[PDB]
Amino acid sequence: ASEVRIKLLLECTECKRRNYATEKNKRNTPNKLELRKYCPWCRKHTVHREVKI
Amino acid sequence: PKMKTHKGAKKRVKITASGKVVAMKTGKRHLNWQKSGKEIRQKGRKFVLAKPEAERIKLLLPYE
RNA sequence: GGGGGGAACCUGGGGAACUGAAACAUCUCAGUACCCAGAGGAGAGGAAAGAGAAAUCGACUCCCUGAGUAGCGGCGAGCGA
RNA sequence: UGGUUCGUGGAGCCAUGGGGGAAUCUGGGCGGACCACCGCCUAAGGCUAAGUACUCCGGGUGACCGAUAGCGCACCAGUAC
RNA sequence: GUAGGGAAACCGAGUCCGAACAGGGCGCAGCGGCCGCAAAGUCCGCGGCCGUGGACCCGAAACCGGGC
RNA sequence: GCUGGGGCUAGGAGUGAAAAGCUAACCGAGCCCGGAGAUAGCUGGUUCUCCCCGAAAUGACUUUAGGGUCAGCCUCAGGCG
RNA sequence: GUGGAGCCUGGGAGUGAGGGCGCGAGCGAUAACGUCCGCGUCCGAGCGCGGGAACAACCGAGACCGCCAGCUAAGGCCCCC
RNA sequence: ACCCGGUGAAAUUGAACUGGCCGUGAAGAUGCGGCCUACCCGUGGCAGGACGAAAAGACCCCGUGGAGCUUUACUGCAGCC
RNA sequence: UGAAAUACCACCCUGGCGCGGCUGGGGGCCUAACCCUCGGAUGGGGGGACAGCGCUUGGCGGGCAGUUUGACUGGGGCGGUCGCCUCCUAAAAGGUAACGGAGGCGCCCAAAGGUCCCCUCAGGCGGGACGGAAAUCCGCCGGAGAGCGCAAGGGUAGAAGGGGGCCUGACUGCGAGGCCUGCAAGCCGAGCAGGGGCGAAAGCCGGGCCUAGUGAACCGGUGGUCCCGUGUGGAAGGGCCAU
Ligand SMILES: [Mg+2]
Ligand SMILES: [Mg+2]
Ligand SMILES: [Mg+2]
Ligand SMILES: [Mg+2]
Ligand SMILES: [Mg+2]
Ligand SMILES: [Mg+2]
Ligand SMILES: [Mg+2]
Ligand SMILES: [Mg+2]
Ligand SMILES: [Mg+2]
Ligand SMILES: [Mg+2]
Ligand SMILES: [Mg+2]
Ligand SMILES: [Mg+2]
Ligand SMILES: [Mg+2]
Ligand SMILES: [Mg+2]
Ligand SMILES: [Mg+2]
Ligand SMILES: [Mg+2]
Ligand SMILES: [Mg+2]
Ligand SMILES: [Mg+2]
Ligand SMILES: [Mg+2]
Ligand SMILES: [Mg+2]
Ligand SMILES: [Mg+2]
Ligand SMILES: [Mg+2]
Ligand SMILES: [Mg+2]
Ligand SMILES: [Mg+2]
Ligand SMILES: [Mg+2]
Ligand SMILES: [Mg+2]
Ligand SMILES: [Mg+2]
Ligand SMILES: [Mg+2]
Ligand SMILES: [Mg+2]
Ligand SMILES: [Mg+2]
Ligand SMILES: [Mg+2]
Ligand SMILES: [Mg+2]
Ligand SMILES: [Mg+2]
Ligand SMILES: [Mg+2]
Ligand SMILES: [Mg+2]
Ligand SMILES: [Mg+2]
Ligand SMILES: [Mg+2]
Ligand SMILES: [Mg+2]
Ligand SMILES: [Mg+2]
Ligand SMILES: [Mg+2]
Ligand SMILES: [Mg+2]
Ligand SMILES: [Mg+2]
Ligand SMILES: [Mg+2]
Ligand SMILES: [Mg+2]
Ligand SMILES: [Mg+2]
Ligand SMILES: [Mg+2]
Ligand SMILES: [Mg+2]
Ligand SMILES: [Mg+2]
Ligand SMILES: [Mg+2]
Ligand SMILES: [Mg+2]
Ligand SMILES: [Mg+2]
Ligand SMILES: [Mg+2]
Ligand SMILES: [Mg+2]
Ligand SMILES: [Mg+2]
Ligand SMILES: [Mg+2]
Ligand SMILES: [Mg+2]
Ligand SMILES: [Mg+2]
Ligand SMILES: [Mg+2]
Ligand SMILES: [Mg+2]
Ligand SMILES: [Mg+2]
Ligand SMILES: [Mg+2]
Ligand SMILES: [Mg+2]
Ligand SMILES: [Mg+2]
Ligand SMILES: [Mg+2]
Ligand SMILES: [Mg+2]
Ligand SMILES: [Mg+2]
Ligand SMILES: [Mg+2]
Ligand SMILES: [Mg+2]
Ligand SMILES: [Mg+2]
Ligand SMILES: [Mg+2]
Ligand SMILES: [Mg+2]
Ligand SMILES: [Mg+2]
Ligand SMILES: [Mg+2]
Ligand SMILES: [Mg+2]
Ligand SMILES: [Mg+2]
Ligand SMILES: [Mg+2]
Ligand SMILES: [Mg+2]
Ligand SMILES: [Mg+2]
Ligand SMILES: [Mg+2]
Ligand SMILES: [Mg+2]
Ligand SMILES: [Mg+2]
Ligand SMILES: [Mg+2]
Ligand SMILES: [Mg+2]
Ligand SMILES: [Mg+2]
Ligand SMILES: [Mg+2]
Ligand SMILES: [Mg+2]
Ligand SMILES: [Mg+2]
Ligand SMILES: [Mg+2]
Ligand SMILES: [Mg+2]
Ligand SMILES: [Mg+2]
Ligand SMILES: [Mg+2]
Ligand SMILES: [Mg+2]
Ligand SMILES: [Mg+2]
Ligand SMILES: [Mg+2]
Ligand SMILES: [Mg+2]
Ligand SMILES: [Mg+2]
Ligand SMILES: [Mg+2]
Ligand SMILES: [Mg+2]
Ligand SMILES: [Mg+2]
Ligand SMILES: [Mg+2]
Ligand SMILES: [Mg+2]
Ligand SMILES: [Mg+2]
Ligand SMILES: [Mg+2]
Ligand SMILES: [Mg+2]
Ligand SMILES: [Mg+2]
Ligand SMILES: [Mg+2]
Ligand SMILES: [Mg+2]
Ligand SMILES: [Mg+2]
Ligand SMILES: [Mg+2]
Ligand SMILES: [Mg+2]
Ligand SMILES: [Mg+2]
Ligand SMILES: [Mg+2]
Ligand SMILES: [Mg+2]
Ligand SMILES: [Mg+2]
Ligand SMILES: [Mg+2]
Ligand SMILES: [Mg+2]
Ligand SMILES: [Mg+2]
Ligand SMILES: [Mg+2]
Ligand SMILES: [Mg+2]
Ligand SMILES: [Mg+2]
Ligand SMILES: [Mg+2]
Ligand SMILES: [Mg+2]
Ligand SMILES: [Mg+2]
Ligand SMILES: [Mg+2]
Ligand SMILES: [Mg+2]
Ligand SMILES: [Mg+2]
Ligand SMILES: [Mg+2]
Ligand SMILES: [Mg+2]
Ligand SMILES: [Mg+2]
Ligand SMILES: [Mg+2]
Ligand SMILES: [Mg+2]
Ligand SMILES: [Mg+2]
Ligand SMILES: [Mg+2]
Ligand SMILES: [Mg+2]
Ligand SMILES: [Mg+2]
Ligand SMILES: [Mg+2]
Ligand SMILES: [Mg+2]
Ligand SMILES: [Mg+2]
Ligand SMILES: [Mg+2]
Ligand SMILES: [Mg+2]
Ligand SMILES: [Mg+2]
Ligand SMILES: [Mg+2]
Ligand SMILES: [Mg+2]
Ligand SMILES: [Mg+2]
Ligand SMILES: [Mg+2]
Ligand SMILES: [Mg+2]
Ligand SMILES: [Mg+2]
Ligand SMILES: [Mg+2]
Ligand SMILES: [Mg+2]
Ligand SMILES: [Mg+2]
Ligand SMILES: [Mg+2]
Ligand SMILES: [Mg+2]
Ligand SMILES: [Mg+2]
Ligand SMILES: [Mg+2]
Ligand SMILES: [Mg+2]
Ligand SMILES: [Mg+2]
Ligand SMILES: [Mg+2]
Ligand SMILES: [Mg+2]
Ligand SMILES: [Mg+2]
Ligand SMILES: [Mg+2]
Ligand SMILES: [Mg+2]
Ligand SMILES: [Mg+2]
Ligand SMILES: [Mg+2]
Ligand SMILES: [Mg+2]
Ligand SMILES: [Mg+2]
Ligand SMILES: [Mg+2]
Ligand SMILES: [Mg+2]
Ligand SMILES: [Mg+2]
Ligand SMILES: [Mg+2]
Ligand SMILES: [Mg+2]
Ligand SMILES: [Mg+2]
Ligand SMILES: [Mg+2]
Ligand SMILES: [Mg+2]
Ligand SMILES: [Mg+2]
Ligand SMILES: [Mg+2]
Ligand SMILES: [Mg+2]
Ligand SMILES: [Mg+2]
Ligand SMILES: [Mg+2]
Ligand SMILES: [Mg+2]
Ligand SMILES: [Mg+2]
Ligand SMILES: [Mg+2]
Ligand SMILES: [Mg+2]
Ligand SMILES: [Mg+2]
Ligand SMILES: [Mg+2]
Ligand SMILES: [Mg+2]
Ligand SMILES: [Mg+2]
Ligand SMILES: [Mg+2]
Ligand SMILES: [Mg+2]
Ligand SMILES: [Mg+2]
Ligand SMILES: [Mg+2]
Ligand SMILES: [Mg+2]
Ligand SMILES: [Mg+2]
Ligand SMILES: [Mg+2]
Ligand SMILES: [Mg+2]
Ligand SMILES: [Mg+2]
Ligand SMILES: [Mg+2]
Ligand SMILES: [Mg+2]
Ligand SMILES: [Mg+2]
Ligand SMILES: [Mg+2]
Ligand SMILES: [Mg+2]
Ligand SMILES: [Mg+2]
Ligand SMILES: [Mg+2]
Ligand SMILES: [Mg+2]
Ligand SMILES: [Mg+2]
Ligand SMILES: [Mg+2]
Ligand SMILES: [Mg+2]
Ligand SMILES: [Mg+2]
Ligand SMILES: [Mg+2]
Ligand SMILES: [Mg+2]
Ligand SMILES: [Mg+2]
Ligand SMILES: [Mg+2]
Ligand SMILES: [Mg+2]
Ligand SMILES: [Mg+2]
Ligand SMILES: [Mg+2]
Ligand SMILES: [Mg+2]
Ligand SMILES: [Mg+2]
Ligand SMILES: [Mg+2]
Ligand SMILES: [Mg+2]
Ligand SMILES: [Mg+2]
Ligand SMILES: [Mg+2]
Ligand SMILES: [Mg+2]
Ligand SMILES: [Mg+2]
Ligand SMILES: [Mg+2]
Ligand SMILES: [Mg+2]
Ligand SMILES: [Mg+2]
Ligand SMILES: [Mg+2]
Ligand SMILES: [Mg+2]
Ligand SMILES: [Mg+2]
Ligand SMILES: [Zn+2]
């Protein structure tokens with residue numbers, strides 16, 4: 001992690017809860033992450049989005 | 001004069017029915033983003049303190 | 001009528017530091033030591049603008065207990081209803 | 001600001017140095033920010049035995065000392081120095 | 001002391017995590033001949049060691065208060 | 001200039017033609033009594049007899065390094081065998 | 001393999017300045033009664049005893065007491081002896 | 001200073017029946033080994049030794065010891081704005 | 001006639017003006033609070049609502065106060081060093097010191113991750129326009145000397161290397177049993193459940209060939225939960241999960 005390799009949370013787009021923390025490089029990956037993850041709340045895979053840590 | 005309960009131990013620890021000493025795993029207070037889920041999950045449990053360390057903490061809790 | 005004295009005890013007005021925190025400043029020591037004023041054979045307190053959950057109690061003082069509980073605390077050392 | 005367990009804390013309560021500043025029960029204070037409800041209590045005047053503390057003083061009693069002990073002093077000692 | 005588990009609400013020989021009737025953590029279960037015997041536990045005594053006190057005795061340089 | 005007598009200024013204070021000089025024969029903060037049995041991870045000292053066993057001077061961590069906590073190594077009691 | 005063996009639960013420690021020597025290395029200079037590790041030993045605690053002239057740790061050897069008895073160990077057997 | 005009459009201290013002192021050499025030994029030996037030397041006890045003198053005496057080294061380091069002093073160390077206070 | 005249309009009366013705006021209330025800032029003057037002063041004083045004179053003094057705000061402040069000012073170390077200082085990784089020392093298990101010998105880390109990758117499928121290097125010689133020691137092409141030899149993001153070591157083509165397709169397992173709930181170990185930490189992990197990815201399937205996937213890329217507690221922030229809520233309902237504030 002650095003000024004350019006930032007930390008970030010991923011949020012259930014269906015239930016709005018942040019379920020995973022991870023990292024990315026914002027120079028190489030400027031767009032907000034979107035990943036399918038298991039939502040422990042919604043109990044199924046859900047598209048999750050990068051949301052500010 | 002009577003002994004005093006050590007409040008820092010009273011707040012961190014519990015003496016189980018058989019007199020083991022139990023506390024939360026250390027190491028997920030923060031700096032957690034790059035810790036695997038196995039790590040965070042396992043640090044979420046209680047553990048039984050090593051005997052010499054537990055016996056010491058027990059004497060701080062004379063009235064539990 | 002006062003004034004001045006009295007070993008401790010008592011109330012009030014002021015009020016440290018070593019030390020402890022294995023350094024130290026908040027904190028501790030401690031509202032202690034000590035200075036002062038005043039009382040008296042005691043002094044203080046005392047008859048709810050109380051307590052605090054009981055549909056309750058019933059001035060104050062003092063002992064046992066409640067309880068090293070509840071809490072307070074560089075949530076440390078410790079302090080403590 | 002102090003007091004309380006309460007060190008600024010969600011910090012009420014009691015007290016009060018500064019500023020502002022009411023009402024007389026249809027008044028007011030309180031039950032831990034605040035609000036409502038439901039209760040408790042009557043501030044801004046005073047006094048009040050006893051149960052409590054102490055031991056200069058008198059007496060009684062010691063699995064207390066016995067002249068390097070026990071009070072500093074058993075004796076002309078708060079003396080000689 | 002006779003119940004534990006849980007931050008807690010709370011449930012209870014269980015309870016906590018968990019979607020779980022999964023898995024796991026921490027818990028639960030005398031001898032002889034109804035009689036005796038032993039025992040949880042608890043009280044008192046005694047002893048070792050620990051905590052708080054000056055805490056095995058003696059020793060500072062210093063610091064603070066009030067006086068001379 | 002020196003000197004008698006009579007006075008005033010003191011403890012973080014005085015006084016000093018200045019040396020941290022002097023303030024009652026030791027002043028980089030007087031003396032007495034008190035907090036007080038300050039604290040001393042340092043030095044010293046620690047008192048009868050016999051019998052059994054019998055170490056360590058390493059490791060980890062430590063504002064730690066001649067101090068500690070845990071472990072190792074000694075010893076006692078109970079259990080196992 | 002029955003030993004002051006071992007294992008388990010608990011009470012009490014002390015130690016956490018080591019040192020010489022042999023072997024294996026590093027450091028040093030194929031120096032130090034040097035230094036720093038490893039394996040072993042002994043002194044430490046066996047400054048008790050024999051040998052080594054004397055001498056903690058080299059060789060011999062683990063001192064419960066007594067004997068005007070015997071055998072040995074290392075080392076010795078010309079006199080000191 | 002010395003001798004006789006008179007009066008008569010002191011620090012220090014484990015005890016002492018207290019030689020030299022070459023060695024040895026915690027590395028500078030009266031006290032150990034081997035040798036050498038040496039009748040017993042004083043008085044006046046000298047200072048090489050008794051690591052002589054005095055002073056729990058003042059240099060040096062160590063102690064999470066103290067104090068005085070400094071500053072654009074930290075934190076606060078007086079004072080001033 | 002435009003969105004709205006006309007005289008006349010209101011409730012109210014844009015801006016601006018003069019009276020006024022009430023004020024905030026400046027300027028001038030007054031006197032009587034307050035201060036100074038005057039043989040004289042219920043007064044005169046001077047300053048004057050300032051100054052002083054109370055409460056509060058922020059600042060300057062060794063004048064003073066309380067203190068702090070690390071350890072290792074062939075004495076101490078000066079210099080150097082302090083955690084983590086790799087090799088050696090290390091005496092063929094583990095471990096093992098010195099201010100012994102050499103180097104590295106404090107990142108990174110949205111692919112540089114999962115899976116399916118495919119492919120195989122460096123280098124040497126010979127051949128080929130621009131074209132060279134070395135660009136790209138063809139041939140033969142070539143087991144790994146290349147590659148594997150970065151130090152080193154171990155590993156590795158029967159792939160961990162290279163290319164492509166689909167993907168997010170860089171899961172959630174746990175976790176038998178172990179490695180290591182004073183503690184606390186650190187490490188590996190089959191398996192079951194939930195919902196997925198790739199694959200025809202067997203199966204693989206709880207990040208990365210591996211060993212560094214890190215920081216306990218306390219205090220606090222943010223999202224969630226809806227557990228506590230000081231007579232009661234809320235609220236304040238806290239707990240819990242995540243960060
Ligand atoms: Mg605490
Ligand atoms: Mg944690
Ligand atoms: Mg933390
Ligand atoms: Mg957290
Ligand atoms: Mg948090
Ligand atoms: Mg990772
Ligand atoms: Mg994970
Ligand atoms: Mg994660
Ligand atoms: Mg979870
Ligand atoms: Mg109790
Ligand atoms: Mg219990
Ligand atoms: Mg009087
Ligand atoms: Mg009187
Ligand atoms: Mg008072
Ligand atoms: Mg008064
Ligand atoms: Mg006071
Ligand atoms: Mg004062
Ligand atoms: Mg203090
Ligand atoms: Mg003290
Ligand atoms: Mg203490
Ligand atoms: Mg201290
Ligand atoms: Mg201390
Ligand atoms: Mg200090
Ligand atoms: Mg202090
Ligand atoms: Mg104290
Ligand atoms: Mg106090
Ligand atoms: Mg007082
Ligand atoms: Mg007193
Ligand atoms: Mg009086
Ligand atoms: Mg009476
Ligand atoms: Mg009375
Ligand atoms: Mg009275
Ligand atoms: Mg009344
Ligand atoms: Mg109770
Ligand atoms: Mg107090
Ligand atoms: Mg107030
Ligand atoms: Mg207070
Ligand atoms: Mg708080
Ligand atoms: Mg309060
Ligand atoms: Mg007031
Ligand atoms: Mg009313
Ligand atoms: Mg009212
Ligand atoms: Mg009130
Ligand atoms: Mg009020
Ligand atoms: Mg209220
Ligand atoms: Mg009330
Ligand atoms: Mg009331
Ligand atoms: Mg009264
Ligand atoms: Mg009466
Ligand atoms: Mg009374
Ligand atoms: Mg009496
Ligand atoms: Mg009497
Ligand atoms: Mg008698
Ligand atoms: Mg006598
Ligand atoms: Mg006497
Ligand atoms: Mg006698
Ligand atoms: Mg008398
Ligand atoms: Mg006497
Ligand atoms: Mg006498
Ligand atoms: Mg006399
Ligand atoms: Mg279970
Ligand atoms: Mg019985
Ligand atoms: Mg019993
Ligand atoms: Mg103990
Ligand atoms: Mg005491
Ligand atoms: Mg004592
Ligand atoms: Mg004691
Ligand atoms: Mg003392
Ligand atoms: Mg002094
Ligand atoms: Mg001081
Ligand atoms: Mg001072
Ligand atoms: Mg003084
Ligand atoms: Mg004074
Ligand atoms: Mg004159
Ligand atoms: Mg004169
Ligand atoms: Mg005079
Ligand atoms: Mg004069
Ligand atoms: Mg003067
Ligand atoms: Mg003076
Ligand atoms: Mg004076
Ligand atoms: Mg002074
Ligand atoms: Mg001065
Ligand atoms: Mg002069
Ligand atoms: Mg004097
Ligand atoms: Mg003097
Ligand atoms: Mg003098
Ligand atoms: Mg002098
Ligand atoms: Mg001083
Ligand atoms: Mg002083
Ligand atoms: Mg006094
Ligand atoms: Mg004291
Ligand atoms: Mg004391
Ligand atoms: Mg001290
Ligand atoms: Mg000291
Ligand atoms: Mg003793
Ligand atoms: Mg033995
Ligand atoms: Mg060691
Ligand atoms: Mg450690
Ligand atoms: Mg450290
Ligand atoms: Mg530290
Ligand atoms: Mg020390
Ligand atoms: Mg130990
Ligand atoms: Mg053993
Ligand atoms: Mg033991
Ligand atoms: Mg036994
Ligand atoms: Mg046996
Ligand atoms: Mg044995
Ligand atoms: Mg043994
Ligand atoms: Mg014992
Ligand atoms: Mg110890
Ligand atoms: Mg020790
Ligand atoms: Mg040590
Ligand atoms: Mg050592
Ligand atoms: Mg040593
Ligand atoms: Mg050894
Ligand atoms: Mg050694
Ligand atoms: Mg030798
Ligand atoms: Mg050796
Ligand atoms: Mg040999
Ligand atoms: Mg060697
Ligand atoms: Mg080596
Ligand atoms: Mg040579
Ligand atoms: Mg040596
Ligand atoms: Mg050598
Ligand atoms: Mg050598
Ligand atoms: Mg050895
Ligand atoms: Mg020794
Ligand atoms: Mg021997
Ligand atoms: Mg031995
Ligand atoms: Mg011996
Ligand atoms: Mg010998
Ligand atoms: Mg011999
Ligand atoms: Mg011989
Ligand atoms: Mg020997
Ligand atoms: Mg024997
Ligand atoms: Mg024979
Ligand atoms: Mg022979
Ligand atoms: Mg011979
Ligand atoms: Mg003559
Ligand atoms: Mg004569
Ligand atoms: Mg003799
Ligand atoms: Mg002689
Ligand atoms: Mg020699
Ligand atoms: Mg000698
Ligand atoms: Mg010699
Ligand atoms: Mg001799
Ligand atoms: Mg002799
Ligand atoms: Mg001799
Ligand atoms: Mg001889
Ligand atoms: Mg000779
Ligand atoms: Mg002579
Ligand atoms: Mg001489
Ligand atoms: Mg002379
Ligand atoms: Mg001599
Ligand atoms: Mg000499
Ligand atoms: Mg000398
Ligand atoms: Mg001497
Ligand atoms: Mg001394
Ligand atoms: Mg000394
Ligand atoms: Mg010294
Ligand atoms: Mg010096
Ligand atoms: Mg030195
Ligand atoms: Mg020093
Ligand atoms: Mg320090
Ligand atoms: Mg230290
Ligand atoms: Mg200091
Ligand atoms: Mg100081
Ligand atoms: Mg000025
Ligand atoms: Mg004017
Ligand atoms: Mg005028
Ligand atoms: Mg005027
Ligand atoms: Mg004017
Ligand atoms: Mg003004
Ligand atoms: Mg005034
Ligand atoms: Mg203000
Ligand atoms: Mg201020
Ligand atoms: Mg200063
Ligand atoms: Mg300053
Ligand atoms: Mg000063
Ligand atoms: Mg202090
Ligand atoms: Mg510091
Ligand atoms: Mg420091
Ligand atoms: Mg040092
Ligand atoms: Mg050096
Ligand atoms: Mg050293
Ligand atoms: Mg060295
Ligand atoms: Mg040296
Ligand atoms: Mg040295
Ligand atoms: Mg340096
Ligand atoms: Mg690190
Ligand atoms: Mg090795
Ligand atoms: Mg090796
Ligand atoms: Mg090895
Ligand atoms: Mg080996
Ligand atoms: Mg191992
Ligand atoms: Mg170094
Ligand atoms: Mg480097
Ligand atoms: Mg790709
Ligand atoms: Mg890969
Ligand atoms: Mg792929
Ligand atoms: Mg080729
Ligand atoms: Mg070619
Ligand atoms: Mg060409
Ligand atoms: Mg070519
Ligand atoms: Mg390679
Ligand atoms: Mg590189
Ligand atoms: Mg798909
Ligand atoms: Mg396990
Ligand atoms: Mg472990
Ligand atoms: Mg599947
Ligand atoms: Mg599945
Ligand atoms: Mg499929
Ligand atoms: Mg798996
Ligand atoms: Mg990779
Ligand atoms: Mg990696
Ligand atoms: Mg980690
Ligand atoms: Mg803290
Ligand atoms: Mg801390
Ligand atoms: Mg928190
Ligand atoms: Mg409520
Ligand atoms: Mg609720
Ligand atoms: Mg309330
Ligand atoms: Mg409502
Ligand atoms: Mg509710
Ligand atoms: Mg609401
Ligand atoms: Mg909330
Ligand atoms: Mg919340
Ligand atoms: Mg959490
Ligand atoms: Zn969800």
# chains A, B, ... in the order shown; residues from 1 in each chain; ligands from 1
>>> residues_near_ligand(ligand="ligand 55", cutoff="8 Å", atoms="only C-alpha atoms (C1' of nucleotides) and all ligand atoms", output="MDAnalysis selection string")
chainID D and resid 67:70 73
>>> residues_near_ligand(ligand="ligand 186", cutoff="10 Å", atoms="only C-alpha atoms (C1' of nucleotides) and all ligand atoms", output="PDB file with N, CA and C atoms (P, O5', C5', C4', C3', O3' and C1' of nucleotides), in the first residue's frame")
ATOM      1  P     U G  35      39.008 -13.086  27.751  1.00  0.00           P
ATOM      2  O5'   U G  35      38.158 -12.763  26.439  1.00  0.00           O
ATOM      3  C5'   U G  35      37.900 -11.463  25.990  1.00  0.00           C
ATOM      4  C4'   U G  35      37.320 -11.517  24.622  1.00  0.00           C
ATOM      5  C3'   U G  35      36.154 -12.478  24.428  1.00  0.00           C
ATOM      6  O3'   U G  35      34.917 -11.955  24.842  1.00  0.00           O
ATOM      7  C1'   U G  35      37.670 -12.718  22.648  1.00  0.00           C
ATOM      8  P     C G  36      33.772 -12.929  25.389  1.00  0.00           P
ATOM      9  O5'   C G  36      33.100 -13.479  24.077  1.00  0.00           O
ATOM     10  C5'   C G  36      32.491 -12.644  23.132  1.00  0.00           C
ATOM     11  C4'   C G  36      32.070 -13.510  22.007  1.00  0.00           C
ATOM     12  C3'   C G  36      31.439 -14.809  22.418  1.00  0.00           C
ATOM     13  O3'   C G  36      30.109 -14.645  22.796  1.00  0.00           O
ATOM     14  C1'   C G  36      33.024 -15.218  20.771  1.00  0.00           C
TER      15        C G  36
ATOM     16  P     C I  72      23.929  -0.706  27.340  1.00  0.00           P
ATOM     17  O5'   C I  72      24.329  -1.502  26.020  1.00  0.00           O
ATOM     18  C5'   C I  72      23.814  -2.781  25.741  1.00  0.00           C
ATOM     19  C4'   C I  72      24.151  -3.176  24.345  1.00  0.00           C
ATOM     20  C3'   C I  72      25.619  -3.248  24.043  1.00  0.00           C
ATOM     21  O3'   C I  72      26.126  -4.513  24.424  1.00  0.00           O
ATOM     22  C1'   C I  72      24.474  -2.099  22.304  1.00  0.00           C
ATOM     23  P     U I  73      27.424  -4.666  25.340  1.00  0.00           P
ATOM     24  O5'   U I  73      28.497  -3.950  24.448  1.00  0.00           O
ATOM     25  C5'   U I  73      28.842  -4.455  23.178  1.00  0.00           C
ATOM     26  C4'   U I  73      29.541  -3.412  22.364  1.00  0.00           C
ATOM     27  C3'   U I  73      30.966  -3.102  22.775  1.00  0.00           C
ATOM     28  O3'   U I  73      31.684  -2.756  21.618  1.00  0.00           O
ATOM     29  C1'   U I  73      29.709  -1.145  22.864  1.00  0.00           C
ATOM     30  P     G I  74      32.432  -3.881  20.814  1.00  0.00           P
ATOM     31  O5'   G I  74      33.460  -4.472  21.845  1.00  0.00           O
ATOM     32  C5'   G I  74      34.604  -3.710  22.112  1.00  0.00           C
ATOM     33  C4'   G I  74      35.049  -3.794  23.521  1.00  0.00           C
ATOM     34  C3'   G I  74      36.354  -3.078  23.659  1.00  0.00           C
ATOM     35  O3'   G I  74      36.541  -2.783  25.034  1.00  0.00           O
ATOM     36  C1'   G I  74      36.731  -5.344  23.974  1.00  0.00           C
ATOM     37  P     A I  98      25.801 -11.692  18.569  1.00  0.00           P
ATOM     38  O5'   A I  98      27.315 -11.285  18.560  1.00  0.00           O
ATOM     39  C5'   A I  98      28.006 -10.868  19.718  1.00  0.00           C
ATOM     40  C4'   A I  98      29.435 -10.623  19.343  1.00  0.00           C
ATOM     41  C3'   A I  98      29.642  -9.871  18.037  1.00  0.00           C
ATOM     42  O3'   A I  98      29.596  -8.465  18.211  1.00  0.00           O
ATOM     43  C1'   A I  98      31.005 -11.782  18.058  1.00  0.00           C
ATOM     44  P     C I  99      28.235  -7.610  18.055  1.00  0.00           P
ATOM     45  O5'   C I  99      28.698  -6.358  17.250  1.00  0.00           O
ATOM     46  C5'   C I  99      28.888  -6.462  15.880  1.00  0.00           C
ATOM     47  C4'   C I  99      30.182  -5.872  15.472  1.00  0.00           C
ATOM     48  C3'   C I  99      31.375  -6.274  16.318  1.00  0.00           C
ATOM     49  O3'   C I  99      32.516  -6.357  15.461  1.00  0.00           O
ATOM     50  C1'   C I  99      31.037  -3.936  16.465  1.00  0.00           C
TER      51        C I  99
END
>>> residues_near_ligand(ligand="ligand 51", cutoff="9 Å", atoms="only C-alpha atoms (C1' of nucleotides) and all ligand atoms", output="list in words")
residues 53, 54 and 55 of chain D
>>> residues_near_ligand(ligand="ligand 96", cutoff="12 Å", atoms="only C-alpha atoms (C1' of nucleotides) and all ligand atoms", output="list in words")
residues 52, 53, 54, 55 and 74 of chain F; 4, 45, 46 and 62 of chain G
>>> closest_atom_pairs(of="chain I", to="ligand 99", cutoff="10 Å", atoms="only C-alpha atoms (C1' of nucleotides) and all ligand atoms", output="tab-separated table")
residue	atom	partner	partner_atom_place_in_ligand_line	distance
I:70	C1'	ligand 99	1 (Mg)	9.8
I:71	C1'	ligand 99	1 (Mg)	8.1
I:82	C1'	ligand 99	1 (Mg)	7.9
I:83	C1'	ligand 99	1 (Mg)	9.5
>>> atom_distance(atom1="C1' of residue 28 in chain C", atom2="atom 1 (Mg, counted along the ligand's line) of ligand 217")
16.3 Å
>>> interface_residues(of="chain A", to="chain I", cutoff="7 Å", atoms="only C-alpha atoms (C1' of nucleotides)", output="list in words")
residues 17, 18, 35, 36, 38, 40, 43, 44 and 45 of chain A
>>> residues_near_ligand(ligand="ligand 61", cutoff="8 Å", atoms="only C-alpha atoms (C1' of nucleotides) and all ligand atoms", output="NGL selection string")
:E and (15 or 24-25)
>>> write_last_selection(atoms="C-alpha atoms (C1' of nucleotides)", output="PDB file, in the first residue's frame")
ATOM      1  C1'   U E  15     -24.697 -22.229  25.712  1.00  0.00           C
ATOM      2  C1'   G E  24     -15.668 -26.070  16.966  1.00  0.00           C
ATOM      3  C1'   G E  25     -14.809 -22.965  21.983  1.00  0.00           C
TER       4        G E  25
END
>>> residues_near_ligand(ligand="ligand 65", cutoff="10 Å", atoms="only C-alpha atoms (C1' of nucleotides) and all ligand atoms", output="list in words")
residues 52, 53, 54 and 55 of chain E; 37 of chain F
